[PDB]
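Please read the structure below before turning to the comments.
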Amino acid sequence: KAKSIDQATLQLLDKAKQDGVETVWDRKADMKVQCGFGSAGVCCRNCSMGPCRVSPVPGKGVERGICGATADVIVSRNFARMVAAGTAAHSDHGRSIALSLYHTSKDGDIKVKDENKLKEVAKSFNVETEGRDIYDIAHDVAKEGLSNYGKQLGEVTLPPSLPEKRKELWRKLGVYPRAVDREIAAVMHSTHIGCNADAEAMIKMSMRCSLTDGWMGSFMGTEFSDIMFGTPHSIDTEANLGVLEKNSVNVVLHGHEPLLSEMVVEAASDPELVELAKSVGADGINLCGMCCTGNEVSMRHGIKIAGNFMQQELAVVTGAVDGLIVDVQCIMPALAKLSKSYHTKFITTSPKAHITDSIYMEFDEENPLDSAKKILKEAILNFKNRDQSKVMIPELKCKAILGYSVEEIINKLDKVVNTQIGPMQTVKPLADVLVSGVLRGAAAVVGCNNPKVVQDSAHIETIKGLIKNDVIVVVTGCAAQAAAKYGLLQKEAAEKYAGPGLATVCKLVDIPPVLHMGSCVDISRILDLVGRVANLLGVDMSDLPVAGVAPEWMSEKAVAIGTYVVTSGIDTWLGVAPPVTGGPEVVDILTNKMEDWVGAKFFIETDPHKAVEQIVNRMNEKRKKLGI
Amino acid sequence: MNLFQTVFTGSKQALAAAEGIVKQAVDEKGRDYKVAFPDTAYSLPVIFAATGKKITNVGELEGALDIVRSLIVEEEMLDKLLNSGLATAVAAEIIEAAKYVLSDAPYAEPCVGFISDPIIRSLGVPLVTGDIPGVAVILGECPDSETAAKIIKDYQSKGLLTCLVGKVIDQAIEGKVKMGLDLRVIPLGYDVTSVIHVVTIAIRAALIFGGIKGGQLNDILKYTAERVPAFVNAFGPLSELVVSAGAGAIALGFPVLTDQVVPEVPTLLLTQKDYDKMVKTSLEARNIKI
Ligand code: SF4
């Protein structure tokens, strides 16, 4: 099987083979046939009476664990713990953002750059704004956001875009969210030996936990990031490994937390550091981003995107990365080993993510700019250790357009609003094109890479099929970066891949057929968008012809995302089977009974063409239900 | 019934009416009997633009229903909707041709029916010059004669060439609107199919001024969209046939504005209840400068 559809990826894999270094593909091959029990989710290790493995085939072999737990119980608890872990990752990201908001000041390193956005958020949090200092407002907003994480009395605060009907449905179902850390703790408590042994209740607890990710953690992280670093607008950038410069210092930012990457971008324009880069013999400083931190700095500043998850190692294989600065999440620990074969400084900066044999330079949130300058100076000084004979940068990079926040999308939609009719600054043109049938629907393509799928193949095939069927596509994360590398994030792509209705819409609004809405936490924006459409049409989000796809997901964060997208009322297709096939009841809940609960359900489909067909059929049947 | 289904239903009704009237023409006059429009050089302009074929006898008119049949594909995608609008336009043209071959004088005053080529050439000079900054296709009935007269005279005072289809003709007559080719208020006919008589104005504008040869349908549609500043104001309740004819106008690149609740399409299908702002809304939608 081919390892990737990306030519630059293939060239660097040949180079890695020539250099005698191992990749994620090599380790996947070394793992050989993976354990069937773990793959089906019928293995349990929740107590030291175990490990227990029960048969993935009902009626044969061992039926219960030592405590008496069935295959359905073991599967449901394993799934719930994946959701809890994903929720924890996203919530910790949002908590750091809220704490940064709490420390903003007029003369400090972290300021308020979008005051209108802050005032709207303050309105959503019942924070007074009129005749008040902007930083007093910011601190009050940060306090309310922080209380969302750990309040023990009262109800949490949810964005106004969430329909009232969806909230009432959640309350009736028993999944209405509480404080984020409280829900994570509840899931961890109920999976403990001898607690919850009922699959339906376990799945409902996991949905409840995932809601605190989708609508509170990721949402607050995104909106506070907009407040502090600016709301994204349409902006040009370049993507894929070709963005590395042979003659410049190459600094690659990998990870998820945006404050460090924002401070590194600011430090790169420091005159002393630019002079130092010149003095070490480089033309300048070339900042490149990877994964979600790359998505953030690219959405807000046009920083070039070096690559997505399964390309991180190959970035080092070029031999041109002088510094690789990582914060947390989706940072392959093998990088520490791999950087030994090159001059690269692999720099960890977060106390949450220590990696053995990496260079640890703790990013100081109290003095973010000075700390970022010190880290960047280490990366720049490493340019003297470059071995130019080992350098091979593929001449493969692609132009991309991104920055499509909900605000930017609304601004673009204002173009097709007749001034004599109005209203302006709404999602009404999008609702109109969806209701009329010019657009069949909207689909979100999100998720990681996975060695089980030819890298980027499923993302590209799913996106092309959807836009060919007049389904407008919004992309986040590594899927968005796969689209960027391929060339879908271009206005020209409208006439090259889209169907007639979507091509007309793209021409009228002057947008690409695929809209890059940011990082994984920026999936909250998608929720926001859908909610607005629903609120404009007076229906629940489960009545709309919308869907989400995770063609190549790998992370626990992806599991939590799919769970809260389904719980919000949006059908979700998974291109990688989750470890639930061992529990028939869990499969039936996720793919059949969920529709009775929340009006949406999971679809497991490993063939992208079949997934596109199923998405189109499901959207059409929801349209016929809605009468459009 | 959604927009696509409404357009498909309208196109099927137009096809049924065309089949009935063609059967009547075949029964009364014979398949060798001549089929023509008064003083034109492009036979039936819509069929000539779509295929390049000139319809000369009744048998060929009966064979032209296959064009309407092949232009109706009931799949909910935008291209099929535009093709279905074009099918309605072809069916309306066939109905008008059958009217002309059945009756010696199908239209009486003030209705003018078909517009001859010399009138098109006369209007071409003020069209490109800018003395005619647009073509207002008014179809249906306004709630009052006063509002219809007000809108029509507002268009007239701005130099636009306004064409009238339906009961709006009677409302304008009650409103003391002075009509004629020099007064730029042209009543086409009381039936919806009479709207084709302004559509052929645009089509022949591509045939005469644009120089596009017959059968180059995409070139004709591009020319009408980028050169002919026409728009539709549909007043009063809209049947499926009216919506299908509006889909044809959209296929020609002409935006359709109405006072009725319809599934809106930005820049193409717009609802404007306020009759005091309909003229400005149409001028903005068609990008017309006075
Ligand atoms: S919780 Fe039950 S099934 Fe799991 S390891 Fe312990 S005894 Fe075995």
Side-chain angles (χ1 to χ4, degrees), chain A residues 80 83-102 117-118 120-129 137-190 203-227 521-528 530-532 534-535 540-541 557 560-561 563-570 597-598:
Chain A
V83 166
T87 302
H90 280 143
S91 82
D92 223 38
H93 170 274
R95 189 210 320 285
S96 297
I97 304 309
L99 292 172
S100 288
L101 180 64
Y102 187 68
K117 174 88 172 191
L118 172 57
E120 294 307 293
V121 171
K123 184 177 179 180
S124 83
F125 278 102
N126 194 33
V127 170
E128 226 293 300
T129 61
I137 300 168
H139 298 163
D140 287 355
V141 168
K143 298 155 199 165
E144 298 304 313
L146 288 169
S147 77
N148 260 1
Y149 285 87
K151 61 143 58 58
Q152 306 299 310
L153 299 176
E155 189 206 301
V156 294
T157 299
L158 297 177
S161 61
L162 174 63
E164 293 298 328
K165 287 194 297 297
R166 181 50 46 164
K167 289 190 284 190
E168 188 51 43
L169 183 151
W170 287 345
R171 291 190 185 103
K172 294 196 232 67
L173 193 64
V175 298
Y176 193 88
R178 298 167 301 182
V180 184
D181 299 329
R182 198 265 172 284
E183 293 294 0
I184 296 167
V187 169
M188 292 300 295
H189 171 208
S190 278
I203 301 303
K204 286 179 180 175
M205 288 188 70
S206 75
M207 301 160 60
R208 188 182 204 172
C209 187
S210 82
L211 288 187
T212 78
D213 173 13
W215 291 97
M216 308 168 56
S218 295
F219 212 105
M220 285 187 297
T222 295
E223 67 195 342
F224 296 168
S225 296
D226 290 341
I227 286 160
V521 299
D522 292 331
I523 292 169
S524 67
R525 306 189 196 274
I526 299 179
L527 290 174
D528 187 8
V530 175
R532 297 190 193 203
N535 287 330
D540 203 348
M541 290 170 54
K557 280 181 292 174
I561 287 163
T563 301
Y564 75 59
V565 168
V566 172
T567 310
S568 292
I570 299 176
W597 298 349
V598 290

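Residue numbers begin at 1 in each chain, while the letters A, B, ... track the order of the sequences. Because only heavy atoms are used, hydrogens play no part in the values below, and waters and symmetry mates are left out as well, while side chains stay in.
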- Output yes when a side-chain donor or acceptor of A:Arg178 lies under 3.5 Å from a complementary backbone atom of A:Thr212, and no otherwise. no
- Where A:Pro177 and A:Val156 come nearest, the two heavy atoms and their spacing: O-CG2, 3.5 Å
- Please report the shortest heavy-atom distance between A:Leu211 and A:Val175, naming the atom on each side. CD1-O, 3.5 Å
- With a 4.0 Å cut-off, would you call A:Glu120 and A:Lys117 a salt bridge? no
- Query: Looking at residues at least two apart in the chain, or sitting in another chain, which of them share a side-chain contact (heavy atoms from CB on, under 4.5 Å) with A:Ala185?
  - Reply: none
- For A:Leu173 and A:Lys204, which heavy atoms make the closest approach, and how far apart are they? CD1-CE, 4.0 Å
- Query: Should the pair A:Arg95-A:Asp92 be classified as a salt bridge under the 4.0 Å nitrogen-to-oxygen rule?
  - Reply: yes
- Item | Flag, side chain of A:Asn148 to backbone of A:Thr157, donor-acceptor distance under 3.5 Å | yes
- Message: Which heavy atom of A:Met216 sits nearest to which heavy atom of A:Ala179, and what is that distance?
- Response: CE-CA, 4.5 Å
- Message: Please check this pair: side chain of A:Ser210 against backbone of A:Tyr564, looking for a donor-acceptor N/O pair closer than 3.5 Å.
- Response: yes
- For atom NZ of A:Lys123, is the number of surrounding heavy atoms from other residues, nucleotides or ligands below 6.0 Å larger than 12? no
- Can you see which heavy atom on A:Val598 is nearest to which on A:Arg166, and at what distance? O-NH1, 2.9 Å
- Query: Can you tell me if A:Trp597 and A:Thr567 form a side-chain donor-acceptor pair at under 3.5 Å?
  - Reply: no
- Task: Mind listing the closest non-hydrogen atom pair of A:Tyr102 and A:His139 along with its distance?
- Result: O-CD2, 3.1 Å
- Query: Is A:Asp226 salt-bridged to A:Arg525, cutoff N-O under 4.0 Å?
  - Reply: yes
- Query: For the atom pair CD1 (A:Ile227) and CD1 (A:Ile137), what is the distance rounded to the nearest 0.5 Å?
  - Reply: 10.5 Å
- Task: Could you list the residues that satisfy side-chain contact (heavy atoms from CB on, under 4.5 Å) with A:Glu155, not counting sequence neighbours?
- Result: A:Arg171, A:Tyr176
- Could you tell me whether the side chain of A:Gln152 and the main chain of A:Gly150 form a donor-acceptor pair under 3.5 Å? yes
- Task: Kindly write out the residues that satisfy side-chain contact (heavy atoms from CB on, under 4.5 Å) with A:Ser524, not counting sequence neighbours, or none if the list is empty.
- Result: A:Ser218, A:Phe219, A:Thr222
- A:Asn535 side-chain N/O to A:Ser161 backbone N/O, donor-acceptor pair under 3.5 Å: yes
